[PDB]
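One structure is given below, encoded as structure tokens.
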Amino acid sequence: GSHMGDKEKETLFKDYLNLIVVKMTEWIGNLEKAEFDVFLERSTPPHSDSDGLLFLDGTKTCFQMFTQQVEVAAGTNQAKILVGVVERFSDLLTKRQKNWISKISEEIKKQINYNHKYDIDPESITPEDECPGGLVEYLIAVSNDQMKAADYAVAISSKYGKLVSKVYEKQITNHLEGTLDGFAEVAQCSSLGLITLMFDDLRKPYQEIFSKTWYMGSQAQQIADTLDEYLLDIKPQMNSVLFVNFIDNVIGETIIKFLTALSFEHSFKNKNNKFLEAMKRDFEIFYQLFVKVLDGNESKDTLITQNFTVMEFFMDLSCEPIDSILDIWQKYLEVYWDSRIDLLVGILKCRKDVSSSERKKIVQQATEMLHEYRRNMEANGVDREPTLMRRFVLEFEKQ
């Protein structure tokens, strides 16, 4: 080529980086559109990789395209151009995450509408409610892609980071690692949306828990069966690491949803331990369901225990003598340190052998044992991870 001055070479590098960068925002822009069309129309079902894991093309093209750009950028041997491309791609990924979360959230509001308005069919459904099928499988796809995407980011980082000076490697690393938490967030959005879908088919049975027909009903079994179907299909087509967090929230929702039924205030009828017996029955159905789903999984015992235990404290707080309620509550707190006082309030209100005034005194005390326990935890510098009960809520007016 011809001669070039340093000023003109720099200008060339700055103008080149810019053209590349602008093109990238355009590319991603178009991909997102095509990507959201597929996801929204679901006119076909997500593909499957060698390991049976579902996936979408969007994520795949996205990193194919970039792996192409980084090559050219690096071939340039100009760190500014390399980091510039890496930077742009990282900011575009983060924004992409923001958009997907928004899209995932709307499809689920849609579905949960295409359902309730299908509950009464076309008498109540306009072309606006029109919701294609296959969301479940798509939600799993989107979930698995986040994990893959997160791994691609890390690989790109360690690869291209070592090709530049320290100051520049640091930048590449922060840019790319800056996207990681966000992929997990998108995955959590889709994981939890799937759960919202699953439990939406269980509104009727859950609202009948503790009612007259529940003592000898089939509610828990209906729930187990509906969940069992989903999980049979889901477990195989989902990233193994995400499955643990997922099954943990499914088990956690099965119980939170169960205990919430304390809101109806049906008195516990325990003549001949029929309440207890009803509880042991339901407990066994759910217990067997997940012990089966978690077959072979190393987290099984932990997942079962951290979740099912509150069911046992619940049976006790509900049936044991009133004189032992607080000892049980203490032992309860030791496991669910982050628990509210709500569960006890609800339990006591269904207790035929506890008067209002007796409830107030028990709660006052119980509430005190709660703070005493946490306050005492700080003093001893005790740190523990959250439990299932951090989120159980049952609105009640202080007596």
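Following the order of the structure tokens, chains are lettered A, B, ..., residues in each are numbered from 1, and ligands are numbered from 1.
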message = I'd like the contact shell of segment 215-224 of chain A - 8 Å cut-off, only C-alpha atoms, skipping same-chain residues fewer than 4 positions apart - returned as a VMD selection string.
response = chain A and resid 202 205 to 206 208 to 211 228 274 to 275 278 282 285 to 286 289
Same residues, N, CA and C atoms, saved as an mmCIF file, in the first residue's frame:
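part.cif was written with the following content:
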```cif
data_model
loop_
_atom_site.group_PDB
_atom_site.id
_atom_site.type_symbol
_atom_site.label_atom_id
_atom_site.label_comp_id
_atom_site.auth_asym_id
_atom_site.auth_seq_id
_atom_site.Cartn_x
_atom_site.Cartn_y
_atom_site.Cartn_z
ATOM 1 N N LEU A 202 -53.160 -25.494 38.546
ATOM 2 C CA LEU A 202 -53.508 -26.028 39.847
ATOM 3 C C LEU A 202 -54.236 -25.094 40.791
ATOM 4 N N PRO A 205 -57.540 -27.112 42.819
ATOM 5 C CA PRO A 205 -57.167 -28.008 43.921
ATOM 6 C C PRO A 205 -56.500 -27.301 45.100
ATOM 7 N N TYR A 206 -55.643 -26.324 44.820
ATOM 8 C CA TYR A 206 -54.979 -25.616 45.905
ATOM 9 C C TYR A 206 -55.945 -24.809 46.754
ATOM 10 N N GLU A 208 -58.794 -25.722 47.592
ATOM 11 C CA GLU A 208 -59.638 -26.649 48.339
ATOM 12 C C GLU A 208 -58.868 -27.297 49.501
ATOM 13 N N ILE A 209 -57.581 -26.995 49.631
ATOM 14 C CA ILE A 209 -56.818 -27.592 50.718
ATOM 15 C C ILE A 209 -57.453 -27.184 52.054
ATOM 16 N N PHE A 210 -57.533 -28.130 52.984
ATOM 17 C CA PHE A 210 -58.109 -27.888 54.306
ATOM 18 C C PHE A 210 -59.617 -27.745 54.337
ATOM 19 N N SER A 211 -60.268 -27.842 53.190
ATOM 20 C CA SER A 211 -61.717 -27.713 53.189
ATOM 21 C C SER A 211 -62.356 -29.082 53.546
ATOM 22 N N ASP A 228 -46.035 -34.047 37.995
ATOM 23 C CA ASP A 228 -45.308 -35.191 37.457
ATOM 24 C C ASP A 228 -45.235 -35.180 35.925
ATOM 25 N N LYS A 274 -57.832 -37.175 62.195
ATOM 26 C CA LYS A 274 -58.113 -37.168 60.768
ATOM 27 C C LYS A 274 -57.369 -36.028 60.056
ATOM 28 N N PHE A 275 -57.101 -34.931 60.757
ATOM 29 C CA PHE A 275 -56.358 -33.838 60.135
ATOM 30 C C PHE A 275 -54.953 -34.350 59.891
ATOM 31 N N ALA A 278 -54.702 -36.770 57.217
ATOM 32 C CA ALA A 278 -54.854 -36.134 55.917
ATOM 33 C C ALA A 278 -53.506 -35.501 55.551
ATOM 34 N N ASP A 282 -51.093 -36.352 52.195
ATOM 35 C CA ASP A 282 -50.572 -35.360 51.254
ATOM 36 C C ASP A 282 -49.043 -35.340 51.308
ATOM 37 N N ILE A 285 -47.578 -38.107 49.323
ATOM 38 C CA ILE A 285 -47.748 -37.984 47.893
ATOM 39 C C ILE A 285 -46.674 -37.065 47.313
ATOM 40 N N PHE A 286 -46.512 -35.887 47.902
ATOM 41 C CA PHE A 286 -45.518 -34.939 47.414
ATOM 42 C C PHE A 286 -44.142 -35.518 47.614
ATOM 43 N N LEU A 289 -43.360 -38.051 44.995
ATOM 44 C CA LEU A 289 -43.226 -37.409 43.696
ATOM 45 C C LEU A 289 -41.801 -36.911 43.451
#
```
With 6 Å as the cut-off and only C-alpha atoms counted, what is the closest atom pair between each nearby residue of segment 14-74 of chain A and segment 231-238 of chain A? Distances in Å to one decimal, ordered by chain and number, as JSON lines.
```
{"residue": "A:52", "atom": "CA", "partner": "A:237", "partner_atom": "CA", "distance": 5.6}
{"residue": "A:53", "atom": "CA", "partner": "A:237", "partner_atom": "CA", "distance": 4.5}
{"residue": "A:54", "atom": "CA", "partner": "A:237", "partner_atom": "CA", "distance": 5.6}
```
Deliver the residues from the most recent selection as a file, using N, CA and C atoms, as a PDB file, in the first residue's frame.
```pdb
ATOM      1  N   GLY A  52     -29.710 -33.762  24.189  1.00  0.00           N
ATOM      2  CA  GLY A  52     -31.140 -33.623  24.379  1.00  0.00           C
ATOM      3  C   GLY A  52     -31.584 -32.265  24.891  1.00  0.00           C
ATOM      4  N   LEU A  53     -30.623 -31.386  25.167  1.00  0.00           N
ATOM      5  CA  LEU A  53     -30.934 -30.052  25.664  1.00  0.00           C
ATOM      6  C   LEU A  53     -31.522 -29.152  24.594  1.00  0.00           C
ATOM      7  N   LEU A  54     -32.704 -28.612  24.860  1.00  0.00           N
ATOM      8  CA  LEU A  54     -33.336 -27.711  23.905  1.00  0.00           C
ATOM      9  C   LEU A  54     -32.490 -26.441  23.789  1.00  0.00           C
TER      10      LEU A  54
END
```
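Distances here use only C-alpha atoms; by that measure, the residue among A:36, A:85, A:159, A:393 closest to residue 16 of chain A is A:85.
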Can you write out as JSON lines which residues of segment 217-327 of chain A fall within 10 Å of segment 365-373 of chain A, alongside each residue's closest atom pair and its distance in Å to one decimal, counting only C-alpha atoms and ordering rows by chain and ascending residue number?
```
{"residue": "A:325", "atom": "CA", "partner": "A:366", "partner_atom": "CA", "distance": 9.1}
{"residue": "A:326", "atom": "CA", "partner": "A:366", "partner_atom": "CA", "distance": 6.6}
{"residue": "A:327", "atom": "CA", "partner": "A:366", "partner_atom": "CA", "distance": 9.6}
```
Could those residues be written to a file, using N, CA and C atoms, as a JSON list (two decimals), in the first residue's frame?
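Okay, out-v4.json is ready:
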```json
[["chain", "number", "residue", "atom", "x", "y", "z"],
["A", 325, "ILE", "N", -46.36, -25.73, 72.15],
["A", 325, "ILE", "CA", -46.26, -24.95, 70.91],
["A", 325, "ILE", "C", -44.99, -24.12, 70.77],
["A", 326, "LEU", "N", -44.61, -23.40, 71.83],
["A", 326, "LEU", "CA", -43.42, -22.56, 71.77],
["A", 326, "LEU", "C", -42.14, -23.35, 71.68],
["A", 327, "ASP", "N", -42.04, -24.48, 72.38],
["A", 327, "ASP", "CA", -40.81, -25.26, 72.27],
["A", 327, "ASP", "C", -40.65, -25.67, 70.80]]
```
ask   = Skipping near chain neighbours, those fewer than 5 positions away, what residues fall within 8 Å of residue 338 of chain A using only C-alpha atoms, listed as JSON, numbers by chain?
value = {"A": [333, 386, 387, 389, 390]}
Restricting it to N, CA and C atoms, dump the selection as an mmCIF file, in the first residue's frame.
```cif
data_model
loop_
_atom_site.group_PDB
_atom_site.id
_atom_site.type_symbol
_atom_site.label_atom_id
_atom_site.label_comp_id
_atom_site.auth_asym_id
_atom_site.auth_seq_id
_atom_site.Cartn_x
_atom_site.Cartn_y
_atom_site.Cartn_z
ATOM 1 N N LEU A 333 -37.684 -22.328 64.396
ATOM 2 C CA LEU A 333 -36.813 -21.198 64.072
ATOM 3 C C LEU A 333 -35.379 -21.617 63.790
ATOM 4 N N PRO A 386 -30.459 -18.187 53.037
ATOM 5 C CA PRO A 386 -31.922 -18.125 53.103
ATOM 6 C C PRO A 386 -32.608 -19.490 53.037
ATOM 7 N N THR A 387 -33.840 -19.547 53.541
ATOM 8 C CA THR A 387 -34.615 -20.782 53.498
ATOM 9 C C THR A 387 -35.910 -20.524 52.763
ATOM 10 N N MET A 389 -38.969 -20.474 53.830
ATOM 11 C CA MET A 389 -39.870 -19.604 54.555
ATOM 12 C C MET A 389 -39.591 -18.118 54.557
ATOM 13 N N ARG A 390 -38.496 -17.691 53.941
ATOM 14 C CA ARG A 390 -38.214 -16.270 53.911
ATOM 15 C C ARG A 390 -39.318 -15.596 53.119
#
```
Nearby residues (only C-alpha atoms) at most 9 Å from residue 304 of chain A, same-chain spacing under 4 positions excluded, as a short mmCIF file (atom, residue, chain, number, x, y, z; two decimals) with N, CA and C atoms, in the first residue's frame:
```
data_model
loop_
_atom_site.label_atom_id
_atom_site.label_comp_id
_atom_site.auth_asym_id
_atom_site.auth_seq_id
_atom_site.Cartn_x
_atom_site.Cartn_y
_atom_site.Cartn_z
N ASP A 248 -35.86 -27.19 43.06
CA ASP A 248 -35.86 -26.63 44.41
C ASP A 248 -37.02 -25.63 44.52
N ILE A 251 -40.47 -27.61 44.31
CA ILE A 251 -40.82 -28.20 45.59
C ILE A 251 -41.20 -27.08 46.54
N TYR A 287 -43.92 -36.09 48.79
CA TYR A 287 -42.63 -36.67 49.10
C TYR A 287 -42.20 -37.69 48.05
N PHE A 290 -41.29 -36.09 44.36
CA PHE A 290 -39.96 -35.54 44.20
C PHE A 290 -38.82 -36.49 44.47
N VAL A 291 -39.05 -37.50 45.32
CA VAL A 291 -37.99 -38.47 45.58
C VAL A 291 -37.79 -39.23 44.27
N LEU A 294 -36.17 -36.68 41.67
CA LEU A 294 -34.79 -36.45 42.02
C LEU A 294 -33.97 -37.72 42.10
N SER A 299 -28.33 -33.87 44.89
CA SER A 299 -28.95 -32.87 45.75
C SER A 299 -30.25 -33.36 46.38
N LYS A 300 -30.79 -34.46 45.87
CA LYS A 300 -32.04 -35.02 46.37
C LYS A 300 -32.28 -34.91 47.88
N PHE A 308 -39.22 -30.11 52.87
CA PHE A 308 -40.29 -30.83 53.56
C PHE A 308 -40.38 -30.63 55.07
N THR A 309 -39.27 -30.25 55.69
CA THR A 309 -39.26 -30.08 57.13
C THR A 309 -40.35 -29.14 57.64
#
```
